[PDB]
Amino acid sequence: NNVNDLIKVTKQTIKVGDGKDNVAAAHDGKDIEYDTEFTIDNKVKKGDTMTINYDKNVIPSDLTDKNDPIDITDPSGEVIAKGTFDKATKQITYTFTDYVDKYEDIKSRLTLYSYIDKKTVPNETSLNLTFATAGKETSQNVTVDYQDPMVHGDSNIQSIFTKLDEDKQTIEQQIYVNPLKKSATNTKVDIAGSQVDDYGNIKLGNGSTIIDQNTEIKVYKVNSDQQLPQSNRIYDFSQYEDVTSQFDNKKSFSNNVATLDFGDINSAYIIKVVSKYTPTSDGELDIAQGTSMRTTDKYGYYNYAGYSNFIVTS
C-alpha cells in the first residue's frame, strides 16, 4: 500500500509561472508550478502507492474538475505511476506500475500546474503555499498579481475564462466593462470568437470560438459603492443587478462578432458569456475569444480597448 516512507525528495520548488508555459494546457494569465524530484527505493513494487499534496488554496485547473492527474513518467516516456486526484483532500494518489519491478535505482521528476483559488483569493495579496511529495512538505511565499484592465481613454476592459465544459463543448468568459467606473459615451462592447489585440482589432488564426445568436450572454450592473474582485472571477452573481433583458434590443451579430450597445454609462458592468468551441481535428483545444470596448471622446473620435483569452492544449 503506501510507501511514502520509501520516497526521498531530492528537491521540490514552488513558483508563480506564466500559463503560456503549461504546454499540455497553455492559457493566458499566471499559474503555480510545483516541481518535485525524488528517488524511489528498490523495495517499492508494482501497485504500491505514494501521495502528492497540493496547497489548500490552489486548484489543479479552475476551468474544469474532469482531468486526471498526469502520469509520472521517465525521460523516454515510460509510465512509472498513474494517479487519481481527490478534491476533498487536494491529494493525488499515485500507483506504481511494473516499472518499479523492472528498473532499479529509480529517480523521477514531476511538474504539476495549478491555479490560485480565486474564490479564496479574490484580490491581490501575498500568501504562503505549501505542497508535499510523499508527506515531505515545502513552503513558498508568493505574491498574487492579477491583471490590469486595458485602458484607452474612457475605454477600459478586462476578461478571463472561468469554466470549460468539455461535454457540452462550451467555454465561459467573464468580462468587466468599465471597471474604473468612468463616464463612457456611446459605449459599444464587442465579443469576438478570435484573438483581439489591445486596440480591439480581430486577429484571425490564433484560436477561435463560435459567437452568434445562440451564445449565452448575461449582463450585470455594478453599483458605485461595489468593488469588483481583482481576480476577475465572480462566484456569486446574486449580489449584482441582472440587466440582461435590457440588452434584448441592443445586440447585433456579424461574422462571429456580437456587439452590445451599452450607450452612455457611468458604471461598471459584468458580462458572462457561454460560447461553443470546436476541437481541432486531432482532438485538442485551440480556443480564443476576445472583447473590446469602444467609447467616443469629447471630439467625437473613438477609443478602443481590447482583451483576449485563450486555451491551447497539446
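Quick note: we count residues from 1 along the sequence shown, nothing fancier.
Practice prompt. Could you check which stretch, 32-40 or 277-285, carries the larger mean CA temperature factor in the entry?
Written response: 277-285 has the higher mean C-alpha B-factor.
Worksheet item: Mean CA B-factor: is it higher for 174-182 or for 79-87?
Response: Here the higher of the two C-alpha B-factor means belongs to 79-87.
Worksheet item: Once the chain's modelled residues are ordered by C-alpha B factor and cut into thirds, is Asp117 in the lowest, middle or highest one?
Response: As the PDB entry reports it, the C-alpha B-factor of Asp117 lands in the lowest third of its chain.
Worksheet item: Which third of the chain holds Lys188 when residues are ordered by C-alpha B factor: lowest, middle or highest?
Response: As the PDB entry reports it, the C-alpha B-factor of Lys188 lands in the middle third of its chain.
Worksheet entry | Third assignment of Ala305 from its chain's C-alpha B-factors | It belongs to the middle third of the chain when residues are ordered by C-alpha B-factor.
Item to complete: Ordered by C-alpha B-factor within the chain, which third holds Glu216? Give me lowest, middle or highest, please.
Response: Its C-alpha B-factor belongs to the lowest third of this chain's values.
Item to complete: Compare the C-alpha B factor of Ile70 with those of the other modelled residues in its chain, then answer lowest, middle or highest third.
Response: Its C-alpha B-factor belongs to the highest third of this chain's values.
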